[PDB]
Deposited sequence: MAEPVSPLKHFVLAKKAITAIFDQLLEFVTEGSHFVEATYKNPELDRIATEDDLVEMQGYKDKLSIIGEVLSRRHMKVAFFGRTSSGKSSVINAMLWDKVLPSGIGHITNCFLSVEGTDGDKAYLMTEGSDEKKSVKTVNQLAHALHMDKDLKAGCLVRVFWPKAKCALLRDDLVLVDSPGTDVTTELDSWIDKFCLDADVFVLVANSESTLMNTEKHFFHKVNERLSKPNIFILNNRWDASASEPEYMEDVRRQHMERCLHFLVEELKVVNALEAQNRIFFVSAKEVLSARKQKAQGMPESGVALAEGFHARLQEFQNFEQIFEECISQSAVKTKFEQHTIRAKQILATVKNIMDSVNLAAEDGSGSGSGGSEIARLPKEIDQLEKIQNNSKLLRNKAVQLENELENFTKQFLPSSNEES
């Protein structure tokens, strides 16, 4: 019943809440070391470098919470010109959000809390209309926005990118790569009335090196075309599987023979879009639909968990470090303060420093709790 994308959205709210308290806490502590340092009748209870540190952490942490809020999961599709890239995309969003046929630039599909479908382009924030400007409009990206109220995936922080045929483009496999580098999952949409090409395999060889251990799915689309032929279907499947397994397991070495059974699917996007646009059959239609729904399930488990790790961990780590250093600073103020009536200013200094350090520990415990739920194995 429960979309595994929920995992990413929950992680996102935790780390955003934690960083909200971190900025609050470090602002509080920054005023304290400032007060202590600037107090004329104190010798060197808090130093100027104590203060430059805190202010630095202060300036950092605001913009950190400013980024994770915009953090989303990204899936990018590749394949030859009529393999069914946009159809797979439209099948996952239960609607014809993108049109088949052609263009030659990337198309992302985002969510809007807003209610009308629309389209933006590069360096212009004017909201052009969804599908009339579709035909018309060193890479090139146009961004489609569809109402989050019409698709769970877009509600749940997923962005889906369409790429131009890998057939028809070289200038290399490079601006493609710096459109992709954000991406948590790469889907190869292959035409199953055909055979896995080397122009498609080479692009993924590029991604394989430039990025460490990418998640890749192979969708053998158009599996209609091979329908009704139950034993012919079994033997064609075997050959596609043998070529796909080889690529993932022995060529890209990106996965082992077993988990690769969870990366290769035989699917008919057209059929799925139909039965889904339908909520107002050839042989094996339901079987096909179930395999597509298995892929979606497995894909969501994979992208949710992966994107939590590669988009939130290093901020978690960095926050632990910030908290560590600020404990050191509280520790040293408390210590310098232990070495008339000045005495009761220092003891009050000492009490507030301990207050602060125990706040640091409290926040440290939450970070550690976050890492337990969301970052195995802590």
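Unmodelled regions of the deposited sequence, numbered from residue 1: 1 to 3, 105 to 107, 144 to 153, 297 to 305, 365 to 378, 418 to 421.
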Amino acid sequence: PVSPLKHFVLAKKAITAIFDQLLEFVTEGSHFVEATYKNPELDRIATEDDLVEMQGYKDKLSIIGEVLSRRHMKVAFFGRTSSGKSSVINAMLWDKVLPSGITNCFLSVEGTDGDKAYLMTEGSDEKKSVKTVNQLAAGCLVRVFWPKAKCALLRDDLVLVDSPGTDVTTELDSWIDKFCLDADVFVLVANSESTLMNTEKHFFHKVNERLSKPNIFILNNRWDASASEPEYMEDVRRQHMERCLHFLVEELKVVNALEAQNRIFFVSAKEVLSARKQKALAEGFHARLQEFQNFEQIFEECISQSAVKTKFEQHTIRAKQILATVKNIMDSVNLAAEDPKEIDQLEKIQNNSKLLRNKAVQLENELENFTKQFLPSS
From here on, numbers count along this sequence of modelled residues.
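Comparing the deposited coordinates for 151 to 159 and 124 to 132, the stretch with the larger average C-alpha B-factor is 124 to 132. Higher average CA B factor: 203 to 211, of the stretches 203 to 211 and 67 to 75.
Of the candidates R243, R276, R263, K85, it is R276 whose Cα B-factor is highest according to the PDB record. For the set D331, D50, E313, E338, the PDB entry assigns the largest Cα B-factor to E338.
When the modelled residues of the chain are ordered by their C-alpha B factor, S228 lands in the highest third. In the deposited entry, the Cα temperature factor of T112 places it in the highest third of its chain's modelled residues. In the deposited entry, the Cα temperature factor of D59 places it in the middle third of its chain's modelled residues.
Among the modelled residues of the chain, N198 sits in the middle third by CA temperature factor in this PDB entry. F179: CA B factor lies in the highest third for its chain, per the PDB record.
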